[PDB]
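Readers should treat all values here as calculations from the given coordinates under stated rules, not as data from a laboratory. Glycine gets a Cβ as well: all are built from the backbone with ideal geometry, and neighbour counts include every protein chain shown.
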Amino acid sequence: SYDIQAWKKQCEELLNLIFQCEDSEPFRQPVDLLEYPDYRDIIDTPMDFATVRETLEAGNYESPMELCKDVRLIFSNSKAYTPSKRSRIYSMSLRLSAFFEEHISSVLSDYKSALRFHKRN
Ligand SMILES: O=C(NCC1CC1)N1CCN(C(=O)c2ccc(Cl)c(Cl)c2)CC1
């Protein structure tokens, strides 16, 4: 399975599955700074799933590793901003993360395999 471009549609499909999940709702759009007025005192680089999807569709990811780094930032931001490890929003973030890690692993493996095959000779 040595298609170097296949990761892009596979990531589009996985983002569709995350957007169809209730646990994504706090992460679909940038954190509301009126709701959380100290957010940028804690978080240096905001990230959300609409920004990831727009970056993918603009053709501004070169690899699925770059998309994976941004999605992981969504989760690390939630962990850094949470006042408690028991908080609702953080709790939702950990379920999304396990689902994401479960499905992204084949996308990364297949892409890296395809690039090694391209450089085989
Ligand atoms: O659009 C969907 N299905 C399309 C299929 C043709 C029917 N979805 C998206 C969400 N689904 C998950 O698998 C899921 C489960 C747990 C978590 Cl945490 C997350 Cl993020 C996602 C199933 C329903």
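Remark on the chain: ratio of C-alpha radius of gyration to 2.2 N^0.38 Å is 1.16. Under the combined filter of DSSP loop state and at most 13 neighbouring Cβ atoms within 10 Å, the range 60-108 retains these trypsin sites (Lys or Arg not before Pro): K85, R86. Starting from the Kirkwood radius over alpha-carbon pairs of the range 14-74, derive D by Stokes-Einstein at 25 °C in a medium of 0.890 mPa s and give it in µm² s⁻¹. D, rounded to a whole number, is 196 µm²/s. The gain in end-to-end length when the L94 to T45 segment is fully stretched comes to 15.7 nm, 0.36 nm per residue minus the alpha carbon separation. On a straight-distance basis, which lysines could pair with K9 in a cross-link, Cα separation under 28 angstrom, same-chain partners fewer than 8 positions away excluded? Hits, sequence-local ones excluded: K69, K112, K119. Based on DSSP H segments of at least four residues, each scored -39500 (n - 2.57), the chain has a per-residue ellipticity at 222 nm of -20500 deg cm²/dmol. Among the trypsin sites (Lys or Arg not before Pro) found in the range 1-67, those both in a DSSP coil and sparsely packed, with 16 or fewer other Cβ atoms within 10 Å of their Cβ, are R28.
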